[PDB]
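Undergrad: give me a 3D structure for the following:
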Amino acid sequence: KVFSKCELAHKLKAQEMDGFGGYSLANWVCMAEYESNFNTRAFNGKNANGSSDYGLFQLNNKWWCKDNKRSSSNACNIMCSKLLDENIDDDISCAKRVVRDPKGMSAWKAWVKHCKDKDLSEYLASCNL
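TA: Residues are numbered from 1 along each chain as shown. Dropping the coordinates below:
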């Protein structure tokens, strides 16, 4: 499915992502638009090696989920396919475990390029949804 901005802010806040990893809701939401366009069917596969990114947060198969191709692992304990879904609870648990590594939200290239250094002070202004 595709969330609107605020839709997703309702849903992530709902789950305590709001101060999570020492990052605010705005951060998390901004990462989801530039990583996936708020769509739970975002998938990007690139064979340098069998890597591919899954879902709303674009969680990569080499470390974070288990699927059939080589470069898979499973820290989150999920089958990557649980990230192709309407439900984003597994996606929530795996983002939560990801931000907790030393890279923090820098594990997400689109956030680095698109939200880090932006003033997000008024990014959810129209969403106290």
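Undergrad: next up, the contacts around residue 52.
TA: Residue 52 is in contact with 43-46, 60-61, 67, 69, 80, counting by CB atoms under 8 Å, 6 or more residues apart in numbering. Where you see a C-beta, it was placed from the backbone N, CA and C, and this is true even at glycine.
Undergrad: and the residue nearest the centre of the chain, what element?
TA: Taking CA atoms, centre = their mean, the centroid of the chain lies closest to residue 57, which sits 2.1 Å from it. Residue 57 is part of no helix or strand when elements are defined by DSSP states H and E.
Undergrad: quick one, what contacts residue 79?
TA: Residues in contact with residue 79 (CB under 8 Å, 6+ apart) are 65-67.
Undergrad: quick one: which of those residues is nearest residue 104?
TA: Within the contacts of residue 79, distances to residue 104 taken as CB to CB reach their minimum at residue 65, with 19.7 Å.
Undergrad: what's the spacing between the closest one and residue 111?
TA: Residue 65 sits at a distance of 19 Å from residue 111 (criterion: CB to CB, to the nearest Å).
Undergrad: the strands in the protein, which residues?
TA: Per DSSP state E, the chain has strands spanning 43-45, 52-54, 59-60, 65-66, 78-79. These are given in chain order.
Undergrad: columns distance to residue 24 on top of these, output as JSON lines?
TA: Compiled in JSON lines, those are given as follows (distance: least, CB to CB, whole Å):
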{"stretch": "strand 43-45", "distance to residue 24": "26"}
{"stretch": "strand 52-54", "distance to residue 24": "24"}
{"stretch": "strand 59-60", "distance to residue 24": "21"}
{"stretch": "strand 65-66", "distance to residue 24": "26"}
{"stretch": "strand 78-79", "distance to residue 24": "26"}
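Undergrad: alpha carbons of stretch 8-27, as PDB, please.
TA: Provided in PDB are the C-alpha atoms of stretch 8-27 (Å, rounded to 0.1, in the frame of the first residue of the first chain):
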ATOM      1  CA  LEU A   8       2.400   7.100   8.500                       C
ATOM      2  CA  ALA A   9       3.300   9.600  11.200                       C
ATOM      3  CA  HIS A  10       0.000   8.400  13.000                       C
ATOM      4  CA  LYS A  11       1.100   4.800  12.500                       C
ATOM      5  CA  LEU A  12       4.800   5.100  13.600                       C
ATOM      6  CA  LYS A  13       4.000   7.400  16.500                       C
ATOM      7  CA  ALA A  14       1.500   4.700  17.500                       C
ATOM      8  CA  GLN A  15       4.300   2.400  17.900                       C
ATOM      9  CA  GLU A  16       6.900   4.700  19.800                       C
ATOM     10  CA  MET A  17       9.100   5.500  16.900                       C
ATOM     11  CA  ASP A  18       8.600   9.200  17.900                       C
ATOM     12  CA  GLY A  19      11.700   9.600  20.000                       C
ATOM     13  CA  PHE A  20      13.400   6.300  18.800                       C
ATOM     14  CA  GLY A  21      17.100   5.800  18.500                       C
ATOM     15  CA  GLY A  22      17.400   9.300  19.800                       C
ATOM     16  CA  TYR A  23      15.700  10.400  16.400                       C
ATOM     17  CA  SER A  24      12.300  12.100  16.200                       C
ATOM     18  CA  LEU A  25       9.200  11.100  14.300                       C
ATOM     19  CA  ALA A  26      10.100  13.600  11.500                       C
ATOM     20  CA  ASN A  27      13.300  11.800  11.000                       C
END
